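Residue numbers (my numbering), protein chains in the order written: chain F, 1 to 59; chain S, 60 to 118; chain V, 119 to 370; chain X, 371 to 622; chain A, 623 to 874.
Every residue, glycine too, gets a C-beta built ideally from N, C-alpha and C.
Accompanying notes for the structure given below.
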């Protein structure tokens, strides 16, 4: 979760040069971004997730 | 320099077939030519170069 | 990569970067005539690298409705330097050949060529029971051109592509040493013909040894804006040539 | 394939997939100053990976009628993080450089670039017997631009491409460590310059060590519909940098 | 090159020249049921290569605004030759699968596909507390199609791409065995699923084993003049199939 004591940084991506295409080729293309964890990743304190919400029993 | 006794020949380049391009590609392109010497090249008589020219002292 | 090939003969060198496999002969490589199969008695003239080198013929233009071109190769090399000069002073001669056909386009182009060497391609006449002039069979370094419809020029060869001049199915010409120049992927048209005849040496003028044919089966086709002029260049070398029976200057 | 290269320095990494051969130096790799060729007596500051890492300069736009750009590299890295900070606190300094120039287009594009590192490229003035301002020689990370015709701006460098500022034939600049970015096949512009000077350490501000030049010999050319904006990005790293003579903050 | 792959099953063979890496399963290869994990007592029918071979489903057309297609694979192969016939005469059956999805374009095209095999993809209904007809879940060899907006057809599946029918984030479907057909570089969509269930054999009609989904994340996009019709073809093979409990002909 968010506290100011354990801020972690920023991820930015920059047009460095350009996109260079020939004639009769579409200029506007799309990047897809993935994310995963490495082989030194670890999690520690079991809590309940802040995304489950229930009002009444499901029947 | 030029004498008739040590003529050396001619270098020519020929369109043999053609330049073949697809649609929406520029036809007119450019060749760049380089020159160097091999591992058996040799020069012999120190003279002054015919390209240096001076009229007065540079001050 | 195996798409690259250098071919060195005499003082001439061909480099290709989109070869596929250099096609070469009936399995046999050209070699000089042995003295156990020989007939003539005086010493042969193995001249030098001065004949065993590449010569470039004329270029033919491949249009959208072009049909095919042909050459006659002991006769096509008759003004090509000292090779042709030896043809004019000797009675008997003998050589293999390295034929390298080049043609290039872009990746937006399409079309496919067949390059065949046909031994003893005896052409048939346009009107049936009538003589053929020599200028219609072999025109030197200048190609004769097939047609689509049947031809009826006088003293001329019957030139339909679907009969190839000889009177066979043109899809059956892949029985001879050949390649394809698919513009998608090729330029590697070698055929290293050996000496093929029924006699150990032969006359260069009185006999035609074989016939090169370049027939487009999938025709040239491109979109508007691409280069419309696509040349085809044929380069040919003699290999292990030798000459015999020297006399005065011959038949031009 | 050998078209792929990764270059890792500090906390920065460049990957290229259309390299040709990473060009690198006069044959010499950069290394720290030995103590048998050294002059200064106090302990050098080999700072860390905190200077030996990649910095990206500004991008210049390659148009159809662009002529050429240049930089001065001990001076161009003067605000680039802790490297520049060490320049402001030390009197003597020393480093090699890994210059990697990037530029990309499509396969329907054409054009060719020359990327040279020229040691001691002393520029000549536009009007002859007149001073040059420092802002016209080196403008930091911002490129100065050559012209086609002769220039006559006051207190400015003579900027013709066919004399390269220095007064030589521009086709003779391939005597220095260089590459070409042919848009047909390249992006691999490394030049790993060693330390080149006539003294074992030198001042970063008072002396310019070398000059990067990017000159298009075959100009950029494309058909209508392709991407018209083609940037060129220059990334530069110091290698084996060290610093000496620490005092108060220097000359901005 | 490792871009080329041949896949041979029965009397059927698939060759691809722009494969990337043939994707195959959870690490497990399909194999026949051992007799230490078996439950049924009579002798299984390992029929032949007569079921273990490729079958081609229908083609779906990938337009610029298409969203996604799905199949249910023990049920999609229900009229595909003797395989389907064994489904109609046996009570229990079991097989792995080699799914190979093909799709091609030109180099001027762009667009990216996701090909996932999802075990037990229990679809949710469009209106909430209402039954779903079987024709909306599995339509045989004919694909059902996702939408962009929420759907409200009666007795139908909730078909939004951003929830994938099941109710999850569609970017999280890369936890299952998958590939991408990036039109820049791919065609190699294998997924060799093993048998995955919670029982050693199961009924082919009463249970759906998994669900193939082909969802374009980067949509198909081309310039004017390219081929606008781009089909997607799905070919599927059973592997190590066996059958048990023979009785009269089943439920069509």
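Cross-chain neighbours of residue i in chain S, by beta carbon under 7 Å
i: residue 388 (chain V); result: A query on residue 388 (chain V) cannot be resolved here, the shown segment of chain V reaching from 119 to 370 and no further.
i: residue 227 (chain V); result: 79 and 81
i: residue 137 (chain V); result: Ordered by position in chain S, no residue passes the 7 Å Cβ test against residue 137 (chain V), which lies about 16 Å from the chain.
Contact set for residue i: own chain, Cβ-Cβ below 8 Å, skip 5 residues either direction
i: residue 782 (chain A); result: 768, 769, 770, 771, 772 and 773
i: residue 334 (chain V); result: 180, 184, 185, 186, 229, 230, 231 and 232
i: residue 275 (chain V); result: 241, 242, 243, 244, 250, 254, 255, 262, 269 and 283
i: residue 248 (chain V); result: 272 and 273
Close-in-space but distant-in-sequence residues of the same chain around residue i (CB under 6 Å, 5 per side omitted)
i: residue 458 (chain X); result: 619 and 620
i: residue 766 (chain A); result: 692
i: residue 353 (chain V); result: 172, 174 and 218
i: residue 588 (chain X); result: 481 and 482
i: residue 142 (chain V); result: 308 and 310
Under 8 Å from the C-beta of residue i: neighbouring residues of chain S
i: residue 50 (chain F); result: Result: empty, since nearest Cβ-Cβ is about 54 Å, beyond 8 Å.
i: residue 592 (chain X); result: 85
Bridge partners - residue i, DSSP secondary structure assignment
i: residue 822 (chain A); result: BP columns for residue 822 (chain A) are empty, so no partner.
i: residue 868 (chain A); result: A:712
i: residue 127 (chain V); result: V:130
i: residue 471 (chain X); result: X:559 and X:604
i: residue 800 (chain A); result: A:738
i: residue 705 (chain A); result: None; residue 705 (chain A) has no bridge partner.
i: residue 328 (chain V); result: V:237
i: residue 514 (chain X); result: X:440
i: residue 228 (chain V); result: V:339
i: residue 683 (chain A); result: A:853
Contacts that residue i makes with chain F (C-beta to C-beta distance below 7 Å)
i: residue 595 (chain X); result: 23 and 24
i: residue 610 (chain X); result: Simply none; closest approach about 26 Å.
Own chain partners of residue i with C-beta closer than 7 Å, once the 5 adjacent residues on each side are dropped
i: residue 641 (chain A); result: 625, 626, 627, 809 and 810
i: residue 398 (chain X); result: 564
i: residue 322 (chain V); result: 192, 205 and 211
Counted within 10 angstroms of its Cβ, other Cβ atoms place residue i as buried (16 or more) or exposed
i: residue 853 (chain A); result: exposed
i: residue 104 (chain S); result: exposed
i: residue 91 (chain S); result: exposed
i: residue 608 (chain X); result: buried
i: residue 829 (chain A); result: exposed
i: residue 790 (chain A); result: exposed
i: residue 802 (chain A); result: buried
i: residue 690 (chain X); result: Because chain X here runs from 371 to 622, residue 690 (chain X) falls outside it and cannot be looked at.
i: residue 96 (chain S); result: exposed
i: residue 590 (chain X); result: buried
i: residue 592 (chain X); result: buried
i: residue 451 (chain X); result: exposed
i: residue 148 (chain V); result: buried
i: residue 201 (chain V); result: buried
i: residue 876 (chain A); result: The requested residue 876 (chain A) is not part of the displayed model; chain A covers only 623 to 874.
i: residue 68 (chain S); result: exposed
i: residue 15 (chain F); result: exposed
Listed by chain order, chain X residues near residue i by CB distance under 7 Å
i: residue 89 (chain S); result: 588
i: residue 27 (chain F); result: 597
Chain-ordered neighbours of residue i on chain S, where CB pairs are closer than 9 Å
i: residue 174 (chain V); result: 73 and 75
i: residue 223 (chain V); result: 77, 79, 80 and 81
Beta-carbon neighbours of residue i, restricted to chain F and to distances below 8 Å
i: residue 472 (chain X); result: 16 and 17
Residues that residue i contacts on chain F, provided the C-beta gap is smaller than 9 Å
i: residue 429 (chain X); result: 15, 16, 17 and 18
Exercise for the section: Mind the definition here: the stretch 301-316 of chain V touches the stretch 259-275 of chain V only if three or more C-beta pairs lie below 8 Å; say whether that holds. Expected result: no
Practice task
Please confirm if the stretch 624-635 of chain A is in contact with the stretch 787-804 of chain A, defined as three or more CB-CB distances below 8 Å between the two stretches.
Solution key: no
Handout entry: Cβ contact check for the stretch 343-356 of chain V and the stretch 430-450 of chain X: 3 or more pairs under 8 Å
Key = no
Exercise for the section: Report yes or no: do the stretch 693-710 of chain A and the stretch 823-839 of chain A share at least 3 C-beta pairs separated by less than 8 Å? Expected result: yes
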